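Cβ sites come from the backbone with ideal geometry, for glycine too, and all protein chains shown count toward neighbours. Every read-out reported here was derived from the displayed coordinates using simple, explicitly stated rules and does not represent laboratory data.
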Amino acid sequence: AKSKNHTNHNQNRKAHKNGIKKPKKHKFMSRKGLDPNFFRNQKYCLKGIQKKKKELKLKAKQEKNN
Amino acid sequence: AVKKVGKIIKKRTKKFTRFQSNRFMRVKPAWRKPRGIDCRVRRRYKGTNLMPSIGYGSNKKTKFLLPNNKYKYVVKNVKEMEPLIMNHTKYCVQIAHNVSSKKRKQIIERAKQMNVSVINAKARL
RNA sequence: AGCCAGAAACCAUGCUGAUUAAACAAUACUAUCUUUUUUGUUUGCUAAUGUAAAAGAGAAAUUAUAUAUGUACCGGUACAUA
RNA sequence: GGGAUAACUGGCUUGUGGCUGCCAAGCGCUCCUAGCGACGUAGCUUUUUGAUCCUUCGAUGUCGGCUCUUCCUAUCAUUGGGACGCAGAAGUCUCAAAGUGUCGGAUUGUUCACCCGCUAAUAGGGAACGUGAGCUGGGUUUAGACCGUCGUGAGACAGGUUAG
RNA sequence: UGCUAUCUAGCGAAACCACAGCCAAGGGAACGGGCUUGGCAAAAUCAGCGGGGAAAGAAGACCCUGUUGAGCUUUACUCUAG
RNA sequence: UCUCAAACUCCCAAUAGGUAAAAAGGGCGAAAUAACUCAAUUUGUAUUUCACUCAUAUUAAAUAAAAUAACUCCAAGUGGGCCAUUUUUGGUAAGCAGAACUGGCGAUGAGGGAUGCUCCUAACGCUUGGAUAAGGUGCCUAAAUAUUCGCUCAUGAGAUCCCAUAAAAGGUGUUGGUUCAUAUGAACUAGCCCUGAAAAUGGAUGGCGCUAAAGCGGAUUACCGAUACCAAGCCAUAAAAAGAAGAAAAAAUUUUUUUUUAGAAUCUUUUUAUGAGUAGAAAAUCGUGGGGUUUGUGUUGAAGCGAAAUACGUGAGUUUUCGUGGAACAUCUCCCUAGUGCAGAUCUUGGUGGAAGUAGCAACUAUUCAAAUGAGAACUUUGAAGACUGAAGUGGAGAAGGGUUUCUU
RNA sequence: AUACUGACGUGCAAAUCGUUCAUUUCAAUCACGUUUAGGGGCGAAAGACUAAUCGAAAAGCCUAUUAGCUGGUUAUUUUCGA
RNA sequence: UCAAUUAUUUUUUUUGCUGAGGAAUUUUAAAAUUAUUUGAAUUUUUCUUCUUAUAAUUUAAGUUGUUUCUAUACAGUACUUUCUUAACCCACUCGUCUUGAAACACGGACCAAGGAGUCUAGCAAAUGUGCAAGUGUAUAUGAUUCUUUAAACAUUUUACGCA
RNA sequence: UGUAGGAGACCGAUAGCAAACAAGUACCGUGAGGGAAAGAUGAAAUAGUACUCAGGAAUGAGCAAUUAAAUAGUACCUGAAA
């Protein structure tokens with residue numbers, strides 16, 4: 001029964017009451033969707049680097065104890 | 001208007017008696033805050049019965065003080081003398097509603113020993 | 001600018017009202033009383049008080065306004081004076 | 001439940017209606033304008049009809065007539081005039097004017113309309129669409145009933161009729 | 001003309017009632033008894049009367065609305081007595 | 001070549017929009033890792049470890065009561081809005097319907113706009129003073145019958161946005177201009193004014209009034225003018241400081257006498273800022289019934305109630321006096337509990353008013369005189385009159401129904 | 001119980017009263033007793049009537065039925081606030 | 001005569017309003033000013049400047065002083081303060097739903113008393129509290145438990161809920 | 001539910017059972033049914049208004065009189081507001 005249709009009125013003013021919130025801008029981002037093959041090689045590289053670090057850490061610690 | 005006595009300034013003498021209390025006979029004179037719409041009180045039209053306001057509140061040095069210059073302490077037993085002696089220079093005795101004449105007289109005598117006047121001293125005589 | 005006559009219109013006149021004017025004038029008779037002076041007016045009552053304005057509550061030409069008033073002559077003319 | 005929403009007033013507007021203009025091609029023998037006045041174009045008003053849905057639905061009694069008074073003028077007549085296509089008699093356009101007047105019937109539910117007749121002329125409007133604790137109740141419009149059309153039907157109809 | 005009304009003596013209610021009670025215009029929820037500005041405005045009453053109180057009444061019977069109904073009908077849906 | 005387009009486009013704004021201005025990072029180097037990568041294990045890619053080093057010792061452009069920022073949780077109210085400027089669509093238009101941006105109102109006082117929810121000024125604790133704003137300054141009505149230059153007379157003039165009418169068109173009213181001609185004749189032009197310009201209670205520049213304005217158009221000041229603005233005090237809220245023990249004065253006659261002498265964290269001292277508000281949320285309070293607890297009040301009259309109080313509290317309230325009154329009353333010491341706070345509901349219930357000594361006591365023809373009774377007689381009784389019912393009777397009888405209403409005293 | 005749309009319309013009365021009018025030997029009127037009961041009766045049909053009750057009586061209960069709708073919804077100050 | 005208008009400055013005549021505070025070490029320190037003292041300066045000084053040493057003081061470092069009066073009172077006609085009309089200026093029926101009510105919107109003659117977010121179930125977050133890889137002690141048993149006891153107390157090592 | 005005990009962080013006469021009481025009564029309804037209003041003098045009435053006067057009487061007043069108390073007199077506690 002005979003309604004009014006629309007208005008954008010006050011909505012912008014309401015938005016400015018708490019301001020328009022913006023990105024948190026993280027340095028790391030979850031990478032599920034990113035380039036297969038290249039990213040699984042990156043996973044192998046990363047695992048490789050971790051293994052390299054582990055080998056270095058274990059040998060150095062064992063050397064220090066002796 | 002404003003009522004200075006020494007460094008005791010009291011802002012308002014006239015009590016904030018309730019909106020149009022004589023107009024509707026059922027109304028009593030003690031304050032009640034309208035939750036009404038267009039009440040001519042909260043909707044703050046000048047020339048009506050004034051709202052009470054915290055701004056009218058007493059200065060912190062005075063707070064509850066009397067023109068007597070001593071804070072009133074109400075007394076219904078003789079034993080109440082014992083703190084009142086140490087505070088006599090800052091506090092005054094008022095004798096309570098109930099107090100039987102024999103006891104009341106004894107308290108009045110005690111108050112004189114304490115060197116503090118009773119503000120309702122002539123009562124029950 | 002200055003004027004004139006001119007309508008069933010207009011305003012008086014006329015006529016009606018006028019405790020519409022909290023209106024008023026003249027006249028007639030009357031109420032222990034009026035008039036002058038002194039002191040008082042810090043069971044409902046039985047002496048008795050009120051002022052919107054004292055402070056020197058001071059002041060009577062007049063048409064005037066692109067001119068007035070006297071005085072002298074015959075509403076005018078002449079002469080003074082603000 | 002609803003003035004969140006019609007029918008009644010009021011209100012805004014004035015398309016539509018009504019009234020007043022401006023003009024100058026013609027008409028008016030002859031002659032633009034005595035009288036006219038198109039094709040055009042400007043206003044005013046709300047006695048029209050609308051558009052509307054702000055106001056009122058725990059109610060502003062829903063038409064008309066009768067009766068009764070007052071206001072308006074955009075004057076029909078009476079008073080004074082101006083112009084004329086005016087010889088007089090008339091008559092016609094026009095202005096100041098709202099002091100005064102503006103009727104009897106026939107037919108209607110009727111504003112309106114339409115005859116017949118008088119008149120001196122029988123102008124136009126406002127007042128909560130003047131006027132229902134003034135009246136009336138004929139009509140739209142409660143519940144009964146009738147005919148036509150429409151609806152299979154029950155029923156429906158700003159279709160008509162009688163009783164309330 | 002009767003009977004009433006009227007006036008007295010006697011007995012003696014009710015509906016109604018925000019507060020009330022002179023206008024005019026304005027603005028305003030767009031028609032005010034109160035508001036703003038104007039007009040104004042002087043007790044108390046008796047008898048009437050119907051202009052107003054958008055007078056009194058009854059939760060608009062009209063209209064619209066409700067995922068409230070009820071009544072009725074059919075070749076609406078689902079049944080069912082017969 | 002003339003004129004053109006929302007749904008045409010060669011070109012093409014303002015406004016609005018986005019990215020940018022370095023340290024969890026960026027430079028240039030080395031070394032590592034791969035199952036990615038190329039002919040090619042440094043051929044790159046990307047990552048990792050080590051290096052060397054980029055402004056910030058005024059900050060790689062400003063400016064910032066920039067953390068009052070984030071973020072999580074839990075929830076409310078709301079979902080019918082409206083008004084204004086500017087852009088704007090439909091519709092003849094509309095205080096009409098529909099949009100856009102922003103600001104208002106809603107939810108808002110205050111001062112002006114004569115009045116007025118919205119226009120303008122401006123957002124508000126309580127006060128004192130100042131100086132201003134919007135706006136005014138003839139009087140109502142506070143300040144100028146101010147100054148200063150023009151224009152303006154109207155036999156319905158005109159006078160502050162919204163705002164309450166007004167146009168095309170005329171004018172030998174007056175005022176300036178400007179083009180022409182020969183201090184004159186033309187033609188135009190816009191200022192004021194006039195005509196164009198009619199309505200409904202009596203009638204509206206707000207009214208009175210105003211014309212050497214108190215009109216219209218300027219300018220020049222002064223004065224007046226708000227709860228806005230500045231300074232000051234006080235209150236509360238918000239934030240910030242800071243904090244877990246020692247002699248001052250007066251009176252006397254060196255000593256006597258008089259006053260004071262703070263350390264309780266939701267606390268005390270201090271400072272600055274802030275103070276709108278419906279729907280709504282929170283906290284702090286105040287009161288009522290009962291319970292435990294604590295330590296009191298009672299018949300040398302309490303509670304209760306009416307009237308009050310130089311009373312206290314912003315306030316709800318609290319406290320108290322007098323009068324009435326005659327029996328039970330508190331707890332704020334702490335804490336539990338609840339049939340816990342009223343002006344309103346055509347509230348429920350009870351009482352009561354104004355309306356009002358009014359409406360009214362109008363069917364049915366009529367009573368009078370005298371006497372008696374009694375306190376008292378229009379309407380009791382007795383008598384006399386007058387009248388009426390008028391055999392379908394206010395007459396007799398019976399049924400229903402009632403039930404001692406009968407009858408005497 | 002036709003009309004005066006009479007009087008009355010806070011009544012004499014929640015339908016009376018006055019005058020007018022229809023009926024009056026039959027499908028007549030009256031009494032008493034009796035029958036038929038609630039989605040049922042009964043109806044010379046008007047949805048009429050069935051105890052001031054009817055397009056579904058009265059009584060009691062399921063029931064405090066249900067209601068997106070109407071009305072009302074109770075001391076104080078302070079803070080943030082659509 | 002030596003304007004005027006800017007610039008930096010220096011005064012002055014009357015006068016209005018205000019007085020918070022209260023300094024056991026920020027009413028302290030320096031400054032200022034005065035009387036001293038030493039060294040300099042320069043526009044050269046009877047308010048010339050700095051710093052060297054000493055004192056006082058205030059312009060520092062939020063009112064103090066003097067004189068009246070109340071009054072030589074005991075409540076008075078004064079003073080305090082309540083009530084009461086006045087008078088100037090301002091002031092529209094409250095509640096209510098509605099964007100919007102002083103309304104020609106709705107409810108309300110008046111006064112008194114009574115009169116409306118509760119209780120149970122289950123759940124959630126919050127905050128407190130006790131314990132922690134456990135927790136609760138369920139039904140129930142037990143007791144030298146018997147007005148108040150209808151609670152309180154206890155529970156001779158794989159029960160159950162939830163984790 | 002009937003009867004008997006014992007209870008209470010229950011109500012305190014508009015509440016609590018409809019019923020503190022001569023209430024399941026009065027009263028209303030044709031009937032089924034519906035269904036109230038309604039407590040308090042004082043310690044003691046074996047203290048309940050004696051007596052007098054004026055009154056036709058009701059009543060009133062008293063120098064008279066009970067009580068601690070009669071604006072405590074049986075429509076008797078207190079006695080608010082309108």
## Note on the structure
In whole Hz, the Karplus estimates of ³J(HN,Hα) for the stretch A:35-43 (6.51, -1.76, 1.60; θ = phi - 60°; x where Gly or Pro) are 3, x, 6, 4, 6, 5, 4, 4, 4
### Message
With the cut-off at 27 Å, tell me which of the pairs A:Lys24/A:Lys54; B:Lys11/B:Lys76; B:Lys15/B:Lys112; B:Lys15/B:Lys72 have Cα atoms farther apart than that.
### Response
A:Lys24/A:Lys54; B:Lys11/B:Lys76; B:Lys15/B:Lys112
### Estimated [θ] at 222 nm from DSSP helical runs (n ≥ 4, -39500 (n - 2.57)) normalised by residues in the protein assembly as shown, nearest 500
-8000 deg cm²/dmol
### Message
Please report the spacing between the Cα centers of the stretch B:54-105 and the stretch A:16-66 in Å, no decimals.
### Response
77 Å
### Query
What angle, in degrees between 0 and 90 and rounded to the nearest 10, separates the Cα long axis of helix B:101-113 from the longest principal axis of the Cα atoms of chain B?
80 degrees
### Task
Choose one answer from B:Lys105, B:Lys33, B:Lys79: the residue with the largest mean-square fluctuation in a GNM of chain B with alpha-carbon springs under 10 Å.
B:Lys33
### Query
Ordered by residue, what ³J(HN,Hα) values in Hz, to whole numbers, does the stretch B:44-58 give under the Karplus form 6.51 cos²θ - 1.76 cosθ + 1.60, where θ = phi - 60° and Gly and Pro are x?
8, 4, 5, x, 8, 3, 5, 5, x, 8, 3, x, 6, x, 4
### Query
Dividing the alpha-carbon Rg of the stretch B:65-125 by 2.2 N^0.38 Å yields what?
1.01
### Task
Report Rg(Cα)/(2.2 N^0.38 Å) for the stretch B:1-77, keeping two decimals.
1.45
### Message
Can you give the local net charge around B:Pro67? Use residues other than it whose beta-carbon is closer than 10 angstrom to its beta-carbon, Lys and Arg +1, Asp and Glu -1.
### Response
+3
### Task
List, in order, the whole-Hz ³J(HN,Hα) value for each residue of the stretch A:12-25 obtained from phi through the Karplus relation with A = 6.51, B = -1.76, C = 1.60 and θ = phi - 60°; use x for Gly and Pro.
4, 5, 4, 4, 6, 5, 9, x, 8, 5, 9, x, 7, 6
### Under 5 Å, built H, 5+ apart or other chain: amide partners of B:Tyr91
B:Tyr71
### Query
Out of B:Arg12, B:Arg42, B:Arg26, any idea which swings most in a Gaussian network model of chain B, alpha carbons joined below 10 Å?
B:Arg26
### Query
Gaussian network model of chain B, Cα springs within a sub-10 Å range: biggest mean-square fluctuation belongs to which of B:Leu65, B:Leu84, B:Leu50?
B:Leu50
### Task
For chain A, state what percent of all Cα-Cα pairs lands in each successive 5 Å bin, counting from 0 Å until the bin that includes the largest distance.
4, 10, 8, 9, 9, 8, 8, 8, 7, 7, 6, 5, 4, 3, 2, 1, 1, 0, 0
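Any chance you could run the full-extension gain for B:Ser101 through B:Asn68? It's 0.36 nm times the residue separation minus the Cα-Cα distance, nm to one decimal.
Extra length from B:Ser101 to B:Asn68 when fully extended: 9.4 nm.
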### Query
Just in the stretch A:1-57: which trypsin sites (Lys or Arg not before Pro) are loop by DSSP and have at most 11 other Cβ atoms within 10 Å?
A:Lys2, A:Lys4, A:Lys17, A:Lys21, A:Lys24, A:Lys25, A:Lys27, A:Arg31, A:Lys32
### Query
Per the Debye formula with a single identical scatterer at each Cα and no solvent contribution, what log10 I(q)/I(0) holds for the protein assembly as shown at q = 0.17 Å⁻¹?
-1.13
